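Below you'll find only one chain, the form deposited without ligand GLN, shown as structure tokens.
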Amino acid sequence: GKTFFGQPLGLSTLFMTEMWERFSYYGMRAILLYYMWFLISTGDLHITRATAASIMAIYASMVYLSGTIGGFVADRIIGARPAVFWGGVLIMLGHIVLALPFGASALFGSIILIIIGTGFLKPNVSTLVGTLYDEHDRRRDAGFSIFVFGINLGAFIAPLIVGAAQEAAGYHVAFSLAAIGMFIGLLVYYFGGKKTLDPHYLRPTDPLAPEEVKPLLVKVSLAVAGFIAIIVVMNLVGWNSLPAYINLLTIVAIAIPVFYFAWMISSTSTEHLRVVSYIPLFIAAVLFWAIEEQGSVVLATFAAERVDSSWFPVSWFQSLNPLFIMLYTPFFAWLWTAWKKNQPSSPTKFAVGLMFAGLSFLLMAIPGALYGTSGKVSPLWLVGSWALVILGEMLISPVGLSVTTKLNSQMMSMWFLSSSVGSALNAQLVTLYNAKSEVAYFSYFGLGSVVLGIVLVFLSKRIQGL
């Protein structure tokens, strides 16, 4: 009868829920870097612009890492529906914290709230989408495709609205708009959810058995103690600068997949050989996400310093990324179906995807080389870059989780960890970007990325077999 684009009505609630949460997230991202610059310019915030960029990168990295944990907490301890709700409350608080007349002092509280909040909400709204379908219901793919379109929608309009607001009424009003975005999300989620969602997901679906509670408690406490202990030693030997902490978070984010790789490989020999073949794919994913995650940092810097954008808010460039996702998506949907005969392998898609990413940086090296780096250049250079990298994303992401799974639960999380690892790498790399290094930065990381894409093409055939 009455459906939401063919799908159960309950999909409309989750569609809107995520649309507004993503609105709140990307509205904030579009101006947070400029906000840190602002706070630097007034002497309120005592860091370099390069450190500000580094913060942006490690922030994303922690958001993605947080998300690989929220599923477990909801499944085992609090339930999917409460996770989404309190996750949204924490996200809203994080934005409210930035709307207050405080300054640089609120930055950390804001960041922690949103890292925890997002990590609760984000995997669990996906989970709730799945629960709308019987599991042999073929509509499922369509429904997720629709859900994703809502995600891209929020990411698309947020910089336009929040950025304009920032221009009209300043940073605190613009951040309050992100808060209101999340609030709307919660409103629709709460009341819409009660009508359409199974009450079963009010509770955990795999609750802790009595003998499971102690070891989990022991597990968590040790990790905290260690982490605290590392921070203590760090300060005793004088490694207590913001860059040092960012470095520590970088190490933790890299170590997690490195430890997992070291585990599987050490610990079925043919099962082993498939795991070793994934390492090239994982590296490729990491490098790809790095370049893509620099849209909000390095391309954002470029947009503000090198582009003549005197007639519109420079944060609007952050809308090109989800615009191109939305434009490309129904195309590539049609493409794979039409292309039945000799479809490229998922490892081949990874390689070519990395090349396009690499091309997107190589493109950006041209205006500096041709025109110099002291003037301003056309907005279209950036438009071409995002067009190139998102073309890369269409090849890598839709097959990404697929390639990892067919090659367990730790490996499954490893795909979602590639975007965290890429951002952690960025936290180091983006500090190398400035006006003097511009052309070398784009060239080097552009070319290297294309080369590794070439290497992966050579390696593609053996991985296909496995």
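Numbers follow the displayed sequence, beginning with 1. Under this definition, the rigid core comprises the largest set of C-alpha atoms superposing within 1.5 Å between the forms.
S.K.: Is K406 without coordinates in at least a third of the other compared PDB entries of this protein that model the residues flanking it?
M.R.: That residue is missing from at least a third of the other compared entries.
S.K.: Could you tell me whether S315 lacks coordinates in at least a third of the other compared entries whose models cover its neighbours on both sides?
M.R.: No: coordinates for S315 present in every compared entry.
S.K.: Check the residues of the deposited sequence separating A435 from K436 and report how many of them have no coordinates, as none, 1 to 3, 4 to 9, or 10 or more.
M.R.: Unmodelled stretch: none, continuous chain.
S.K.: Please classify the coordinate gap between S267 and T268 in terms of deposited residues: none, 1 to 3, 4 to 9, or 10 or more.
M.R.: 1 to 3 residues lack coordinates between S267 and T268.
S.K.: Looking only at CA atoms, which has the higher mean B factor in the entry: 336 to 344 or 157 to 165?
M.R.: Comparing averages over the C-alpha atoms only gives 336 to 344.
S.K.: Quick one: say whether 278 to 286 or 124 to 132 has the higher mean Cα B-factor in the deposited entry.
M.R.: Stretch with the higher mean C-alpha B-factor: 278 to 286.
S.K.: Per the PDB entry, which option out of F147, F102, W316, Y171 has the greatest Cα B factor?
M.R.: Checking the PDB record, the top C-alpha B-factor among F147, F102, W316, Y171 is at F102.
S.K.: Between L65, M411, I47, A57, which carries the biggest CA temperature factor in the record?
M.R.: Top of the list by C-alpha B-factor: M411.
S.K.: Can you tell me whether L107 has a C-alpha B-factor in the lowest, middle or highest third compared with the other modelled residues of the same chain?
M.R.: As the PDB entry reports it, the C-alpha B-factor of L107 lands in the middle third of its chain.
S.K.: Sorting by Cα B-factor within the chain, modelled residues only, which third would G400 end up in: lowest, middle or highest?
M.R.: Tercile = highest for this residue's CA B-factor.
S.K.: Considering only modelled residues of the same chain, in which third does the CA B-factor of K349 rank: lowest, middle or highest?
M.R.: Within its chain, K349 is a highest-third residue by C-alpha B-factor, going by the deposited values.
S.K.: Hey, what third does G185 fall into on Cα B-factor, ranked over its chain?
M.R.: Ranked within chain, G185 CA B lands in the lowest tercile.
S.K.: Mind checking which third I31 falls in for C-alpha B-factor across the chain?
M.R.: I31: CA B-factor falls in the lowest third of its chain.
Another form exists, solved in complex with ligand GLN; not displayed. Remarks below refer to it.
S.K.: Open or blocked pocket for ligand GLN when its pose in the bound PDB entry is superposed here, using 3 or more ligand atoms within 2.4 Å of backbone or C-beta atoms as the test for blocked?
M.R.: Here the answer is open - the superposed ligand has no atom within 2.4 Å of any backbone or C-beta atom.
S.K.: Even though ligand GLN is not shown here, does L132 get within 4.5 Å of it in the bound PDB entry, heavy atoms only?
M.R.: Heavy-atom contact with ligand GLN at 4.5 Å: absent for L132.
S.K.: Do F350 and ligand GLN come within 4.5 Å of each other in the bound PDB entry, heavy atoms counted?
M.R.: Contact with ligand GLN, no.
S.K.: At 4.5 Å between heavy atoms, is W415 in contact with ligand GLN in the bound PDB entry?
M.R.: Close contact exists here: in the bound PDB entry, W415 approaches ligand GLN to within 4.5 Å, heavy atoms only.
S.K.: At 4.5 Å, heavy atom to heavy atom, what parts of 289 to 316 sit next to ligand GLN in the bound PDB entry? List them in sequence order, or say none.
M.R.: Counting only heavy atoms within 4.5 Å of ligand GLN in the bound PDB entry, the single contacting residue of 289 to 316 is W289.
S.K.: Taking only shifts of 2 Å or more in Cα after a rigid core superposition between the shown form and the other one, tell me which of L425, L45, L33, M414 qualifies.
M.R.: So the residue whose C-alpha moves 2 Å or more is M414.
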